[PDB]
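Taking the form deposited in one PDB entry, here's one chain by itself in structure tokens.
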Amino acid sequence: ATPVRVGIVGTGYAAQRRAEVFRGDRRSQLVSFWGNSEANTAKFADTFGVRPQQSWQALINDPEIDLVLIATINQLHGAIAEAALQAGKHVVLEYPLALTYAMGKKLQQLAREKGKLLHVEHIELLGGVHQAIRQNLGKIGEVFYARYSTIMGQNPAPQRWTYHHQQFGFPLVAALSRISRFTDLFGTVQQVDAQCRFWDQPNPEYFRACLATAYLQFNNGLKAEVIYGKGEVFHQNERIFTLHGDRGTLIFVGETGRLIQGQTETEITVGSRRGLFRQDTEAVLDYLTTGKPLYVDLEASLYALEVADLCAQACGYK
């Protein structure tokens, strides 16, 4: 039903990219938003000339909203999605979908029972690099060894939700989502070993550093290392995504990529996350206005959630 009236829960990168396209597209209208922190809420309201709702609960219950975009504090995503679906809203999330596989399945069933969209993508984190990997995996043959490491030194560690044990949640959730979206080629994860180490702040509800490591064995033979570290103890940053195959190696350093085959080295064109967010937003608008089905289905985010549960279980986490 046009225009699609949108409320945005969140003010970060994913929320801003969605807001830009919702505004620009004539099939949609940005009505309200909610932010968790005072300064970023003010900036978002100014950029997009939309007034903020004081609570996200009020936003999702607004009768002048058709669609809720969720891209906020990690812990909140499942609860906000369930509340929005119960209020008869369509829901689009930036991954995570929920805290547990069971909640993700409960959300999937609820959206079906209400006949509402439940759509999840994972674009903000290395979305362009992921498509570049997809476009070039066919070139390197059987992938047997991959390493995805994100190390971000930060001193002092802030007292915000990203360093808060409960709000941030299991630290490997986002990284494991990235490594799990090649099931089409790697098969499913068959074995997991994972460790998680924290450096607590004086207030033990916050950590000042974390190092989480997951070592995965896939069914088609791939051994993958997935590393997530941030905080006060890290003196060298690292943003590496390397995949070794018997016909070549793909190396991504940040958003920079290079194909290596024999003695040749080729630059890899990495597209913008802005373009990927726009195509996804326009596909969502297509579905809501003409019923044309989305190419993405919830199964990819559900499996990433399963992998996260499995690695947390291997960690003794929660």
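Rigid core here is just the name for the largest C-alpha set that superposes within 1.5 Å across the two forms. We number the residues from 1 along the sequence you see.
FYI, the form solved in complex with a small molecule isn't displayed, but the following is about it.
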Just checking whether residue 48 would be counted as a contact of the small molecule in the deposited bound form - the rule being heavy atoms within 4.5 angstroms. no
When the contact criterion is heavy atoms within 4.5 Å, does residue 14 count as touching the small molecule in the deposited bound form? yes
Whether residue 161 contacts the small molecule in the deposited bound form should be assessed with a 4.5 Å heavy atom distance threshold; does it? yes
Wondering, does residue 257 line up within 4.5 Å of the small molecule in the deposited bound form on heavy atoms? no
Selected contact from 249, 32, 29, 36, since only one has a non-hydrogen atom within 4.5 angstroms of the small molecule in the deposited bound form: 36
Among 157, 123, 224, 103, which has at least one heavy atom within 4.5 Å of the small molecule in the deposited bound form? 123
Taking 4.5 angstroms as the heavy atom distance cut-off, pick the stretch from 215 to 223, 161 to 169, 187 to 195, 134 to 142 that is near the small molecule in the deposited bound form. 161 to 169
Position that moves between the shown form and the other one after core superposition, taken from 186, 161, 148, 170, with Cα shift of 2 Å or more: 186
Answer yes if the Cα of residue 231 shifts by 2 angstroms or more between the shown form and the other one on a rigid-core superposition, and no otherwise. no
Superposing on the rigid core, is the Cα displacement of residue 21 between the shown form and the other one 2 Å or more? yes
Did residue 125 shift 2 Å or more between the shown form and the other one, C-alpha, core superposed: yes
Thinking of the 3 angstroms or more shift, are the C-alphas of residue 197 and residue 126 brought closer or pushed farther apart in the deposited bound form than in this view? farther
Inter-Cα distance between residue 126 and residue 226 in the deposited bound form, nearer or further [3 Å or more]: farther
